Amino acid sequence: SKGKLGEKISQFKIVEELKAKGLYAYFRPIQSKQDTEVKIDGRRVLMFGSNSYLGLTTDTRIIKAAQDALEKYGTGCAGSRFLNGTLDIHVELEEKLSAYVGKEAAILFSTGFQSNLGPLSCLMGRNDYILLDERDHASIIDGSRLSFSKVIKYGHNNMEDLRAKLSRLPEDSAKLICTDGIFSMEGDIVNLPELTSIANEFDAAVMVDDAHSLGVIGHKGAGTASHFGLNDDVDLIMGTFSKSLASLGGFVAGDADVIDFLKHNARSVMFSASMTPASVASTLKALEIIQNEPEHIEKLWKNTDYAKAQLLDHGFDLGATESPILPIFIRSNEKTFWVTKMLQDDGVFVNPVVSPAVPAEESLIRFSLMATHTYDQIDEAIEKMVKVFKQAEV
């Protein structure tokens, strides 16, 4: 019955207002492969809103690996990994990820999101604590809320705040710090050296979420711990397959006893169907390519360095990024929506960040690079972005 439910949703007007004003640009229906250009409503649009940092969703080798796994294994495993849903190829990918990130063991999840839910819900319990960077990804916050622990946020990359908060806690309790590696909104990197120094002082476990780091930073893309040389000071390395690795799913890697505990105790792996064979095989093949072919990462960073320089040169105001995510400040929600739609209508796809996710005054568009972008494409997008910012009067 719907009386009260109708009242709950009644105040949510922003989408109808966007649509009525002709500004709506969420759920844009793409008609083609995710690529440097996509087709929307039959037209070509430059894609600067993706997470496919290495451009690999179109790699024919990866497509063929996925198609071959469909031929061999079918369309789905129809059960949790725990029961009837494990394949030899899941175990192969676990072994290969473990080797890549330098850990004993790994457990796959059917999404990145569920990869965070798993360890955050089941390791810290009553009388324990989880310490979260305040800008951590929503899946981290949610995973932590599924624990029976006390969840404490600390100031973004604020090591004094982290230390202070840890200091106040009872000695006779377990603690686990979870942080994004690269934070996607502003594209900045966690201060992992200090964070791990503090963790070691207070015997706190460390978990890093490398969604946006894998295939981006670290040796041959192996992530944030790798980037800093701090493999031995990070207990759990979490990643996703939906970004550089061009697929769907994620994993948590760590010590075999911890991973064994997780795979038998995390609700998000015991009570959710396993990754499809196609996604296992595309992740396996992408992981090979990222390591074997250094040009992908190199070109991603050439593009990043070029675009960033070109944006700064044109007088855009960028956030403190250290990654291929280039946040461009606009500082007005209305303007952010207008710019986003005007760019769409002129063939450029960027992602808006607006209230209530951030304050109006920090609203921005996020311009992300892929290895497969050309300098010409970047130049066209920036040309158009200059014109639109003027039309919008930013």
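Heads up: residue numbers just count along the shown sequence, starting at 1.
Here 61 to 69 and 334 to 342 are compared by their mean Cα B-factor, and 334 to 342 comes out higher. With 310 to 318 and 282 to 290 compared on mean CA B-factor from the PDB entry, the stretch scoring higher is 310 to 318. Which of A360, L46, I30, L54 has the largest Cα B-factor in the deposited entry comes down to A360. For the set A105, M185, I237, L262, the PDB entry puts the maximum C-alpha B factor at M185. In the PDB entry, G250 places in the lowest third of its chain by CA B-factor.
Among all modelled residues in this chain, the alpha-carbon of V101 has a temperature factor (C-alpha) in the middle third.
Among the modelled residues of its chain, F271 has a C-alpha B-factor that falls in the lowest third, as given in the PDB entry. Split the chain's modelled residues into thirds by C-alpha temperature factor. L192 is in the middle one. In the PDB entry, a CA B factor belonging to the middle third of its chain's modelled residues is recorded for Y154.
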